[PDB]
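> opening piece of a complex, kept in its complex position:
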Amino acid sequence: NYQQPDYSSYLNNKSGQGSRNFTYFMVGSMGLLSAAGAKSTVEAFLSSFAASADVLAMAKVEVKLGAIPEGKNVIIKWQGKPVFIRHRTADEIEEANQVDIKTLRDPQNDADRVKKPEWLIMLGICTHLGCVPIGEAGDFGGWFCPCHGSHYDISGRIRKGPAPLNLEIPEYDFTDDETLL
Amino acid sequence: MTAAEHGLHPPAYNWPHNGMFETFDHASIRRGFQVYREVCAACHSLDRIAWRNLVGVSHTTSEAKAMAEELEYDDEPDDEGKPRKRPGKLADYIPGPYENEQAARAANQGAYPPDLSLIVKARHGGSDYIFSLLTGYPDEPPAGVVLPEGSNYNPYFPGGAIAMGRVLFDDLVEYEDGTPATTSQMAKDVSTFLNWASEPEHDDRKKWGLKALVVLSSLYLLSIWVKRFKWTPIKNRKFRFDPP
């Protein structure tokens, strides 16, 4: 139709696939570098949601242990959740001696739920809709979940109610008249 | 203001941690912490630094916990309700020498030695200033200047009169690593330690900054190339206007 301007100089020296491949590589590299930067920024921000150093330091705090009446259930505030530190007498140990492989959502024994009967540690938070169980209303003789009436055994096992598991035992270690979390 | 009120401008010492890619000389942080406990703690609070902050920075967790033990801290009253005291633990904040501002002012002729946990970010010269403040005391004040009783002359202090008076003297502290304890060296250690206490994120901050510069610079170069490439069609347009 008419003469076009000469692009001779403007032309690339690459082949059809080479130039397209390089352009797509550069665009993809930009996209993935942006993805990496956005991931770094978003992870750094979301790490703010995580427990600050203050909260981490406050947790794993030892409890002032010592002599207490046998069978009495003490209370603590380790990591917010109440801790039902109770020095169940030899009667509780004897009762727990009766094993139970059936009629128990999670059959267990004081062998693993406690280190020594002279000091029994168990978080008071319940299983279903975690609540603080009553220290004497348990149908099984231990703690009772007031919200659903669930009964917690003297060994912490879930006897009856909506309990999804057994009464959690914190990771607290024992020592000479001290609690070592 | 006259030069004196603004305070002599501290110079720029080539700190080990000045450049964009250098950390605190954690040896210097520990040495400055020793200088602090040995000299400053008599007057200055430095409350915002918890013993846990020193684990992995200048003291092993065992050393920090041990240091925390010697001190006593308020505890929730006993079962009867009487006051109780407990040995310090890592989570506890370093305690100042004075219970409140009133006690500090009473014990320092009314001057209130400010908390040092932010003194580096709360002064114009930053670390330099602190160093210049500690080693700026001249043996003989410049002639003609009369200081209020109890005040000491230091040109780097705004107004020229500072109540602190020289504290760092040669061989005042026996450093753990056998480092000589010249007053200049001690000022350097305390300045570095206070700068850390004021900027504990400094090391991680600058490492993250290096990562960010690398990523954003590569991405910016990629963006330049992509834009120039994709605009070549427009920047290479050629027109013709051929009416009758």
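That came in fine, so what should we check first? Numbers count the residues shown, from 1 in each chain, chains lettered A, B, ... in the order given.

> okay, CA-based contacts and neighbour counts for the rest of this
OK.

> distance of the residue nearest the centre of chain B from residue B:82?
Nearest to the mean C-alpha position of chain B, by C-alpha atoms, centre = their mean, lies residue B:195 at 1.7 Å. Between residue B:195 and residue B:82 the distance is 40 Å, computed by C-alpha to C-alpha, to the nearest Å.

> excluding chain neighbours, what is closest to the residue nearest to the centre of chain B?
Nearest non-adjacent residue to residue B:195, counting by C-alpha to C-alpha, 6 or more residues apart in numbering or on different chains: residue B:120, 5.5 Å away.

> list the contacts for that neighbour?
Contact analysis of residue B:120 by C-alpha atoms under 8 Å, 6 or more residues apart in numbering or on different chains lists B:126-127, B:130, B:194-195, B:198.

> flag every residue of chain B that's near chain A.
B:52, B:90-91, B:212, B:215-216, B:219, B:222-223, B:226, B:238 (C-alpha under 8 Å from any C-alpha of the partner chain).

> residue A:107: neighbouring residues, count only.
Counted with other C-alpha atoms under 10 Å in any protein chain shown, the neighbours of residue A:107 add up to 14.

> let's bring in chain C now:
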Amino acid sequence: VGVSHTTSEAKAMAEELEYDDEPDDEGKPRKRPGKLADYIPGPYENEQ
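So, slotting chain C in with the rest:
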């Protein structure tokens, strides 16, 4: 004041009690007679 007691009565009831003030400049604890702005005090220092 204006609900069940005239301001004078409330003020007088305030002086009848003791409250903790900012400790004296010597650092010793100090106490002051109550004033209107003060909250009514409970009979126990804490839940314990």
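
> chain C added, so what about the neighbour count of residue A:107 now?
14.

> next, work out how far apart it and chain C are.
When distances are taken as C-alpha to the nearest C-alpha, to the nearest Å, residue A:107 and chain C turn out to be 39 Å apart.

> before we move on, what SS does the residue in chain B that chain C sits nearest to have?
Closest approach between chain B and chain C, counting by C-alpha to the nearest C-alpha: residue B:102, at 6.5 Å. Of the three states, residue B:102 takes helix under DSSP: H, G, I helix; E, B strand; the rest coil.

> tell me how many other residues surround the residue nearest to it when sequence neighbours are not counted.
Distances taken as C-alpha to C-alpha, 6+ apart place residue C:25 nearest to residue B:102, at 6.5 Å, with adjacent residues excluded. Residue C:25 is flanked by 11 other residues according to other C-alpha under 10 Å.

> wait, what's in contact with the closest residue to chain B within chain A?
For chain A, the residue positioned closest to chain B under C-alpha to the nearest C-alpha is residue A:57, at a distance of 5.3 Å. Residues in contact with residue A:57 (C-alpha under 8 Å, 6+ apart) are B:52, B:90-91.

> following sequence is chain D, add it:
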Amino acid sequence: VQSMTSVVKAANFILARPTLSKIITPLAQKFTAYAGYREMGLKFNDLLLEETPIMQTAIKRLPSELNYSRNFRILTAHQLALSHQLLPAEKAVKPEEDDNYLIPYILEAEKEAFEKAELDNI
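Alright, chain D goes in next:
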């Protein structure tokens, strides 16, 4: 915005007086040379603020050839500003070609608008 009629009134007020003419006109040519619009292919009347009803009417009443020439000059100016380059001196719009082609239509539009305003307040 200053109505073009007022601009021409001021321009003839200055031009009529030989002293003001001899002073300004050299500065006028120098200012239009330093303005830098001519090196981009634009005549003066291309720069005029188009987004006004009077100006829009004036453009709408241009002859076809002037309209197409204006379109091409504006397009060339846009391309030059886009590529960050200027026309060579031989291709730039010479002072003689900066011919004030659009002013007559703008003045006619201004006259119509002013007559309408005057009669509306008769």
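
> one step back: surely the residue nearest to the centre of chain B meets residue B:129?
No: no contact is recorded between residue B:195 and residue B:129 when judged using C-alpha atoms under 8 Å, the distance being 11.0 Å.

> any idea how far residue A:78 is from residue B:84?
As judged by C-alpha to C-alpha, residue B:84 and residue A:78 stand 19 Å apart.

> over to residue B:161?
For residue B:161, the distance to residue A:78 (C-alpha to C-alpha) stands at 51 Å.

> what residues does residue B:161 make contact with?
Contact partners of residue B:161, counting by C-alpha under 8 Å, 6+ apart, are B:147-148, B:151-155.

> can I assume residue A:159 sits in a strand?
Yes: going by three-state DSSP, the assignment for residue A:159 places it inside a strand.

> could you check how far residue A:181 is from residue B:69?
For residue A:181 relative to residue B:69 (C-alpha to C-alpha), the value is 17 Å.

> which bits of chain B sit near chain D?
Counting by C-alpha under 8 Å from any C-alpha, the residues of chain B close to chain D are B:235, B:237, B:239, B:241, B:243.
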